[PDB]
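These notes concern the structure reproduced below.
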Protein chains: 2
Amino acid sequence: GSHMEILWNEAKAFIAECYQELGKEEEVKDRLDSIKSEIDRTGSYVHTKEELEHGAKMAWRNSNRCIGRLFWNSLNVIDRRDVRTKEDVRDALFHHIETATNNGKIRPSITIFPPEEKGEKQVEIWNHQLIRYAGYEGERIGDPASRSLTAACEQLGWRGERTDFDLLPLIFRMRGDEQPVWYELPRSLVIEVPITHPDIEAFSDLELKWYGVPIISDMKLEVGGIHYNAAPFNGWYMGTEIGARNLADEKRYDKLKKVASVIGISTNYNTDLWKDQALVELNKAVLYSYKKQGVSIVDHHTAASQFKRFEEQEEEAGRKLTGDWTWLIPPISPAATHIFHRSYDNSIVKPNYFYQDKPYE
Amino acid sequence: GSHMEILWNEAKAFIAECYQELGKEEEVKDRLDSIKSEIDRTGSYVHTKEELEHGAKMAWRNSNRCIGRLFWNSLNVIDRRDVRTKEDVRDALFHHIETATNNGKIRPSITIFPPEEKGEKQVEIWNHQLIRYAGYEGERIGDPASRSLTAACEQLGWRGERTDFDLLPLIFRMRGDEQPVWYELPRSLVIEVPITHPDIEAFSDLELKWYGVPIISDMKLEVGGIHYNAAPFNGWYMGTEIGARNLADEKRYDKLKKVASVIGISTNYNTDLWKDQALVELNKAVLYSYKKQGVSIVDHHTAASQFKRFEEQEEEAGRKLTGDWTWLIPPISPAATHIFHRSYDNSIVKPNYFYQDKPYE
Ligand code: HEM
Ligand code: HEM
Ligand SMILES: C[C@H](O)[C@H](O)[C@H]1CNC2=NC(N)=NC(=O)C2=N1
Ligand SMILES: C[C@H](O)[C@H](O)[C@H]1CNC2=NC(N)=NC(=O)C2=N1
Ligand SMILES: N=C(NO)NCCC[C@H](N)C(=O)O
Ligand SMILES: N=C(NO)NCCC[C@H](N)C(=O)O
């Protein structure tokens, strides 16, 4: 009753806006009647290959927390709404990793799976990111942020080698199944980058490494009332995400003290700013390492500069700019970027990507 | 009519809360009747030396943008509500600088001047901070943030030597006067710190320096409906305010490129993170310099650690904590502090310090 009312309302708003941007104003009338009859006949409607493709781009454009939005219209949209089996999903996910990686020259992509029908999911992806390291406890091993999912995977028959960098397997559930299935990732498909420093040879003693491509797989893509709970996407890393957060946070890998040791500085006094110096050297190491192995990565200054250009384009296009200052500012030298010196409207505009409840935990 | 209604309401709320904290609950009844008759007789009321003293502390405690709130109850309250002449104000301001500086061992203080009566100010301070450098244009000279006030001072007969560090004179207006008066600051009263690096000798070639004590003099102190438009206060500097903002912002002294030059690094590539390395070395220089000259200063890690202790105390006292995340996080290595990893309620609670319109511009 009310669900068939919200759907139609969001559909009218989307088709008008989407079609307007595609230089498509006259086809709006004939497309909305087809949609009205489809919602009455079945209870939902199916997007065309052009609608969801541009819808996915519009969603990226509206992502307040993303600094890489300048590249919104270049998104590689892979249509996999035809998957029916677990093998279809597994291969589609494998394909995503492969085509997105592109031997290092990362391609911003998104794979669209079947959306929810009567509020129930067709495909449910458990992984936060397709490629991600496991986490364990006694004393900290691996990535702490992955603990709950690791435990869930282990309750399904999977077992990790308990190193600091164990690749979590792909884990997802199909409609009709009570428990999810899992598949170990083929190593030939995952690029990993060992972290080394351009001037400091001892840096390799830390034996740090990270994976080349971040593929968020647990967010819901909302386009015109249609909920794509399963639609993995990826960009390339901004150095700061790895060297200032993933490897730096006390609740993550917490490596600043060990970094200070190999670069030769004391951790005795905050006034020496050892954490700041450690952060700079660790972050320099990350950018140098990815570049050296031929894997795309961007530094926060270049990223902010690209984002400034995005702000200008949005103003030129006539569109209102939305953003979350607290996430847009880089965790290192934020005042050195223009983002810090201005304010953003944190309003939510659809289409967009949303958080959804974790099936585990 | 309505003004005599807002005043009484804010007075009841303040006396109850203030007296409650002072272990003063029974004197509330007899204090509020005196205040009610005072508002009817004159149109306002006069705080006791205990009320405004604690009121000034409570205002600091409620300052969402301040990271140094752990020290709220140690504030040195100087009562100068007895000033009538421009000389009285001048000497009180001179006294503030002297006693607050305390030969380097900075004392957090605030001088209270007569508040507003029927909405009109008794004393109006034009300076943003009592001690501050001038700014000029053709090509940038001095501090750009001081340009408008410098121009106003120059329209009153004052002339600066046009160096990058010219001390602005004290400039304030008395009730009954159309234009403000000004007084050059006695150099013997102002401590300045030349910036040098502990390991890099060439750093002195930049010839940078900053003043020892930040004394905000243009904010309005609101306590129980009483508006103290003139109530200069000071703490000690957090290194980041000088080396990451005052000397780093492109719109301020913009020294990062020159810093990179003396420390021996190239400014060619963002991927080398030269701005970040320059920031670390410039900030290390600031902390080392102040410490060397015996002037109080705190690094951002120690400051955040002290602020964490403040959060705990507020929870122990039963008080709701308020804060502005965007200002609490340091401009350098914010993710290395606990502040970055949590959220704050940016609600305004009185008493507090507020912004007021600038008489110049
Ligand atoms: C092209 C390269 C890209 C860069 C450099 C980039 C960068 C960023 C960064 C730095 C963040 C903050 C991440 C964090 O702090 O955890 C972020 C968040 C986000 N980005 Fe991107 N991004 C890129 C591509 C994409 C694409 C392809 C999409 C969608 C189609 C997208 C959607 C989002 C969303 C929704 C968020 C919020 C994620 C969350 O809340 O965890 N981004 N991005
Ligand atoms: C004890 C040492 C103190 C430290 C370390 C400290 C530190 C800070 C810092 C770092 C800021 C941000 C400044 C900026 O970004 O421009 C700030 C803001 C502020 N502080 Fe303090 N503070 C201290 C004392 C005080 C005192 C004594 C008061 C009041 C009685 C106070 C009131 C405030 C207020 C109202 C703000 C906001 C100022 C504005 O909006 O420009 N602080 N403080
Ligand atoms: C509460 C606050 O919004 C969070 O701690 C933020 C702040 N900024 C952030 N920035 C980025 N890049 N990633 C985050 O997870 C993040 N989290
Ligand atoms: C719009 C935004 O609130 C301002 O640019 C902020 C952010 N954080 C800040 N932090 C500090 N310490 N001082 C500032 O002036 C400041 N300004
Ligand atoms: N830069 C991107 N996408 O392109 N980031 C997505 C989130 C990545 C996450 N912050 C991580 O470190 O794994
Ligand atoms: N730390 C304090 N007070 O104690 N700061 C007040 C504002 C100072 C200002 N940010 C400056 O650099 O001049």
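Within every chain, numbering begins at 1; the chains are lettered A, B, ... in the order of the sequence lines, protein sequences first and strands thereafter.
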A/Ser305 side chain vs A/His301 backbone, donor-acceptor pair below 3.5 Å = no

ask   = Does one side chain, of B/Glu10 or B/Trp8, offer a donor that lies under 3.5 Å from an acceptor on the other?
value = no

inquiry  = Quick check against the 3.5 Å criterion: does A/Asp272 have a side-chain atom that pairs as donor or acceptor with the backbone of A/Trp274?
reply    = no

query = Okay, side chain of B/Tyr253, backbone of B/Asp164: is any donor-acceptor separation there less than 3.5 Å?
reply = yes

message = Would the distance check show the side chain of B/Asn352 and the main-chain N or O of B/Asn62 forming a donor-acceptor pair, the cut-off being under 3.5 Å?
response = yes

key: Donor on one side chain, acceptor on other, B/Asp276 and A/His300, under 3.5 Å   = yes

task = Taking B/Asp345 for its side chain and B/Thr322 for its backbone only, find out whether a donor-acceptor pair lies under 3.5 Å.
result = no

key: Point-to-point distance, once rounded to the nearest 0.5 Å, from CD1 of B/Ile216 to CG of B/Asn234   = 9.5 Å

query = Does B/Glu241 use its side chain to pair, donor to acceptor, with the backbone of B/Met238 at less than 3.5 Å?
reply = yes

ask   = For residues B/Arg252 and B/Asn246, is any side-chain donor paired with an opposing acceptor at under 3.5 Å?
value = yes

query = Can B/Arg162 and B/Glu154 be counted as an ion pair, charged N to O under 4.0 angstrom?
reply = yes

Geometric class of the B/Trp210/B/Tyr133 ring pair [parallel <30°, tilted 30-60°, perpendicular >60°] = perpendicular

query = Does the side-chain contact (heavy atoms from CB on, under 4.5 Å) test come out yes or no for B/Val83 and B/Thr85, once each step is laid out?
reply = CA-CA 6 Å; B/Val83 304; B/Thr85 71; over 6 Å; no

ask   = Above 12 or not: heavy atoms from other molecules or residues under 6.0 Å from CD of A/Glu315?
value = no

inquiry  = Just checking B/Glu361: does its CD atom have more than 12 heavy atoms from other residues, nucleotides or ligands closer to it than 6.0 angstrom?
reply    = yes

query = More than 12 non-hydrogen atoms from neighbouring residues, nucleotides or ligands closer than 6.0 Å to CG on B/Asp357, yes or no?
reply = no

inquiry  = Can you give me the closest heavy-atom contact between B/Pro144 and B/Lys251, atom names plus distance?
reply    = CB-O, 3.1 Å

query = Would the number of heavy atoms belonging to other residues, nucleotides or ligands and lying under 6.0 Å from CZ of B/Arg65 be above 12?
reply = yes

key: Verdict with reasoning, A/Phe340 to A/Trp325, per ring pair (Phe, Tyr, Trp, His ring centres under 6.0 Å)   = CA-CA 7 Å; A/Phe340 182 95; A/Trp325 191 94; 5.4 Å; yes

task = Taking B/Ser289 for its side chain and B/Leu287 for its backbone only, find out whether a donor-acceptor pair lies under 3.5 Å.
result = no

Please tabulate, for the side chains in residues 226-233 of chain B, all donor-acceptor contacts under 3.5 angstrom to protein atoms that are two or more places apart in sequence or on a different chain.
residue, atom, partner, partner atom, Å
B/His227, ND1, B/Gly225, O, 3.1
B/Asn229, ND2, B/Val123, O, 2.6

Shortest non-hydrogen contact between B/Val223 and B/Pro351, atoms and distance = CG2-CB, 3.8 Å

query = Between B/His47 and B/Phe14, how do the two ring planes meet: parallel, tilted or perpendicular, split at 30° and 60°?
reply = perpendicular

request  = For a salt bridge (charged side-chain N to carboxylate O under 4.0 Å, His left out) with B/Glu311, tell me which candidate from B/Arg319, B/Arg342, B/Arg69 qualifies.
outcome  = B/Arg342

request  = Measure the CD1-OG distance between B/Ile110 and B/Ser217 for me, rounded to the nearest 0.5 Å.
outcome  = 11.5 Å

message = Once rounded to the nearest 0.5 Å, what's the spacing between atom CD1 of B/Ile332 and atom NZ of A/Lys275?
response = 14.5 Å

message = Take a 6.0 Å sphere around CD of B/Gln179 and say whether it holds more than 12 heavy atoms from other residues, nucleotides or ligands.
response = no

ask   = Should the pair B/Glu178-B/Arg173 be classified as a salt bridge under the 4.0 Å nitrogen-to-oxygen rule?
value = no

ask   = Under 4.0 Å between a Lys/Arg side-chain N and an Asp/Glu carboxylate O for B/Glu21 and B/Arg61?
value = yes

Verdict with supporting geometry, B/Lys320 and B/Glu314, salt bridge (charged side-chain N to carboxylate O under 4.0 Å, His left out) = CA-CA 7 Å; B/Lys320 281 75 78 286; B/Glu314 289 307 279; over 6 Å; no

note = Taken in chain and number order and not counting sequence neighbours, the residues that satisfy salt bridge (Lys or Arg N to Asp or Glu O under 4.0 Å) with B/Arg41 are none

task = Tell me, yes or no, whether the heavy-atom count around B/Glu207 atom CD, taken from other residues, nucleotides or ligands under 6.0 Å, exceeds 12.
result = no

query = Would you say B/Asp82 has more than 12 foreign heavy atoms packed within less than 6.0 Å of its CG?
reply = yes

key: Donor-acceptor contact below 3.5 Å, side chain B/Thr337 vs main chain B/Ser333   = no

ask   = Distance from B/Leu93 atom CG to B/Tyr183 atom OH, nearest 0.5 Å?
value = 10.5 Å

query = Should B/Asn270 and A/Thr302 be marked as a side chain to side chain donor-acceptor pair (under 3.5 Å) after you check the CA-CA gap, both sets of side-chain angles, and the distance that decides it?
reply = CA-CA 7 Å; B/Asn270 302 323; A/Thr302 302; 3.1 Å; yes

task = Verify, without hydrogens or angle tests, whether B/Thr99 (side chain) and B/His95 (backbone) share a donor-acceptor contact under 3.5 angstrom.
result = no

request  = Any chance you could measure B/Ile263, atom CD1, to B/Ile200, atom CD1, to the nearest 0.5 Å?
outcome  = 5.5 Å

Candidate pair B/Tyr344 and B/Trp327, rule ring pair (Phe, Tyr, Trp, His ring centres under 6.0 Å), full reasoning = CA-CA 11 Å; B/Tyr344 297 90; B/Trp327 275 62; over 10 Å; no

request  = Given ring pair (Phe, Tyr, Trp, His ring centres under 6.0 Å), test B/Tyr211 with B/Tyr237 step by step and report yes or no.
outcome  = CA-CA 10 Å; B/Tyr211 53 92; B/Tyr237 266 118; 5.7 Å; yes

request  = Return yes when atom NZ of B/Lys209 has more than 12 non-hydrogen atoms of other residues, nucleotides or ligands closer than 6.0 Å, and no otherwise.
outcome  = yes

ask   = Any sub-3.5 Å donor-acceptor pair from B/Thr42's side-chain atoms to B/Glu38's backbone N or O?
value = yes

inquiry  = As an exercise, state the distance from NZ of B/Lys57 to CG of B/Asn76, rounded to the nearest 0.5 Å.
reply    = 9.0 Å

request  = With side-chain contact (heavy atoms from CB on, under 4.5 Å) as the test, would you mind laying out the steps for B/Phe94 and B/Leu170 before giving the verdict?
outcome  = CA-CA 9 Å; B/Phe94 279 4; B/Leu170 295 171; 3.4 Å; yes

